[PDB]
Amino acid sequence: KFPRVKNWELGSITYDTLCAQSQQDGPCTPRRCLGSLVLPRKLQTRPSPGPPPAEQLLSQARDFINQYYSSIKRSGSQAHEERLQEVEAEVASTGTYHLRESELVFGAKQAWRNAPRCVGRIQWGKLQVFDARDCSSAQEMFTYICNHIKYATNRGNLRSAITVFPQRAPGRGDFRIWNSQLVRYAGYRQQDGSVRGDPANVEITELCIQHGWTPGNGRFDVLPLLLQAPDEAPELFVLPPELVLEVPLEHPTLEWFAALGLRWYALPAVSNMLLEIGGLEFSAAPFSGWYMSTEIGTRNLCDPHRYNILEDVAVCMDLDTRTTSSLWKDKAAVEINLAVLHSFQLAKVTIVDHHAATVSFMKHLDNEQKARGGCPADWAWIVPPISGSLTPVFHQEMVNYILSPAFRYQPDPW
């Protein structure tokens, strides 16, 4: 029933009762655990050519509406009762319904709060929500996106934000941002399969070129955006350079580091995930906050399938790359992460290190235990890619489950 949750560093115990509120199934079963899998095999967000089962939708809507009125301490009030009737009325006559801006703001904050893989949830209550449901063209999407970036960047003093475009509708195409993030570096396939730039963005870089983009030939060329309005081909838009803040990477004491010519953008803005609230689905809702240093210094720059700069830094450090036992990889990774933190701090751009971030998450777990009786969390994504057990979250048991409102993965539009 209710799982016992233990923290092995402190010996403390809690019981997660919130998990009983989950209504959506994960990938695990008593026979085998699939918790380490990145994407679902079925829990996707299948096509929307037909109207979602009124019965199903209506139960999800009532539940969300109930959540909303409880949040404003007006449960069972007159407004609550009437809002429910409104929702009932709209679904029965049209097969769908619409949220009020206040409910949308509450829903977006709750989705972030419920995101099991996010370690920055202590900030969940501070989110600027831009209502972009009044959008009817790719060109208008571009304007909203540019305004999101300017606001979020704030000259280095990053502010969390999300822009919500029109919801999905039966039998009609979705509004979609093809890019995986608003700002990404190009990846050009060259010679013998090798790649100049970010290997993770090969497919999108090619699609952009296919749609008329004049490619560059550098390692850090910011990609243009491919925005798509319902049932229309995606359109190409180049982001004004002055809008895209970047940070030149240098090291506090290693004079030669800057000579590597490395850099990274200041704004992390996932733009290909789906936001679900009360049964309604928002296929284009880019969100952003600020980077945790390991995302850049460890994963983006050191992953074998990414920039893979470990060996270069090791050679410049004149380390012994002859054997694993010298821990040259470990030493290089630490300096690279140090350079990232040093550079962002020098450029006066917001960023948080993995120690500070995990400490804040533990506080978040405590806050949620008192407030809701639990907190859905995915251990493999919460524990940092380097120095895992050196952080507090490593020693904390976690229960993972799906709560709604939620952010979910969805098929690539092409």
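In this text, rigid core is short for the largest set of C-alphas that superpose within 1.5 Å between two forms. Counting begins at 1, following the sequence as shown.
Using the rigid core as the fitting frame, the root mean square C-alpha deviation in 9 other deposited structures of this protein is greater for 192 to 200 than for the other of 192 to 200 and 290 to 298. Taking the root mean square of CA deviations in 9 other deposited structures of this protein after fitting on the rigid core, 178 to 186 and 70 to 78 differ, and the farther of the two is 70 to 78. Among other compared entries that model residues flanking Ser387, every one gives it coordinates, keeping it clear of the one-third cutoff.
Compared against other deposited entries of this protein, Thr45 counts as often unmodelled, lacking coordinates in at least a third of those that resolve the residues around it. Annotation for 280 to 288 versus 88 to 96: the higher mean temperature factor (C-alpha) is found in 88 to 96.
On average the C-alpha atoms of 51 to 59 have higher B-factors than those of the other stretch, with 363 to 371 and 51 to 59 being the two compared.
When the C-alpha B-factors of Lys73, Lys331, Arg113, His305 are ranked from the entry, the top spot goes to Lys73.
Listed residues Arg159, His148, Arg121, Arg155 were ranked by CA B-factor as deposited; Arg155 comes out on top.
When the CA B factors of the chain's modelled residues are split into thirds, the value for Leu403 lands in the lowest one. Ranked against the other modelled residues of its chain, the C-alpha B-factor of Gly297 as given in the entry falls in the lowest third. Split the chain's modelled residues into thirds by C-alpha temperature factor. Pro27 is in the middle one. The entry lists a Cα temperature factor for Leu249 that places it in the middle third of the chain's modelled residues. Sorting the modelled residues of the chain by their CA temperature factor places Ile65 in the middle third.
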